[PDB]
């Protein structure tokens, strides 16, 4: 692991995580990137050093620390042309921020175009030495972070028009693609019999959700997207792009090898044929062999409606629909080629939105592209409904700068104004669903809200929450290096970008 103070080199390398060799964009030269870590309260100083040379996957980059509120450090959030210009190759940029009020499972990823799909994504954990769930498990460390990643044999920027589908699922960086004549290497999570582990499960994919289970073991879910939850023991869960769950794995079964199953909603092959979409849970002492186990009846799946925060955390505003200061029904649509939010497809501006603000924008209405701006008042309760229906999912919608109470989840008619889950990525489901969330505006600056299916983001599925803009410049003082980003980036030719 690295951090809270570390360099992060961003490099090109050729890899074959599912047996197929291809070039990639890799944090620390590995897929996934190294685990970045710290304790609650730490100052992260992550010096991102861009050494990219392959134009096909972009040589510039920009990193976002997914789920961190970045209060007073909006400039370190990462989204290209919202919070910064991309870092240029041959240069570095220091993301310098604190995590005073969060402890949980997070991750980091490129937030420039579709680059994270090409490999730049890794896990990031903020440990709590006073974690109230500490007494539920024995081991919680780098070995217990588990990433679920889609993987594509075509480079992201070379993907043809229309729906993109992954070639394989990589668990902790390995997995099999369909069609192999000799099976490639499976990831192995090794466990000691009688030991309880906190598995920190992260879906770092560009697209699929995974129906996840472990043969012969139940999962006791204790965290969702950074926020500790009441324990809920389940037979499987479904985890969308960008979401996290911690669960307790109790290694209480006989010594053996057990299949960890991560079944993507969409991919070249969604089955477990040939041990694809799988990894191995190996008890110490078990043979170096594949599991021979089978999945159970799956009678108690995790349902988002059932997840409750560990610390009771009431819903702000009044406990009825529209009971908040600013209330908006977000209309997501697809026009045949592009996504739109409230009839506008996101087009990144040449001047990043925070630079527009520091250059003198008085308010949200000065910001461009104006059609993608939602002004939010300061110190208020916000309620967004986001009815499902637009093609492509199953859309995991994510808000930057905030997490939110999920009043109403997909596939549920329930409005919970009492003790809904708090998270930062939520599936909006499909036509008939009306996921509804609330959050509070205690964080001035421009914050992205977007679908976390990266292909949909590229096709414009995004809007900017322009929060307390009159205070945003003063609330987010920037370092000199951040002022040099746009001059360096704009000096490049198209395309040496």
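Residue numbers count along the first chain shown, from 1.
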Checklist outcome for this item: Going by the entry, of stretches 88 to 96 and 221 to 229 the one with greater average Cα B-factor is 88 to 96
Checklist outcome for this item: Quick note on 115 to 123 and 323 to 331: per-entry mean CA temperature factor is higher in 323 to 331
Checklist outcome for this item: The residue of 242, 78, 352, 394 with the maximal C-alpha B-factor according to the PDB record is 394
Checklist entry - Out of 420, 401, 163, 208, which shows the largest CA B-factor listed in the entry? => result 163
Checklist outcome for this item: residue 246: CA B-factor among chain residues, third -> lowest
Checklist outcome for this item: The third of the chain into which the C-alpha temperature factor of residue 26 falls is the middle
Item to check | CA B-factor placement of residue 457, once the chain's modelled residues are sorted into thirds | outcome: middle
Checklist outcome for this item: Binned into thirds over the chain's modelled residues, the C-alpha B-factor of residue 446 lands in the lowest
Item to check | Third assignment of residue 61 from its chain's C-alpha B-factors | outcome: lowest
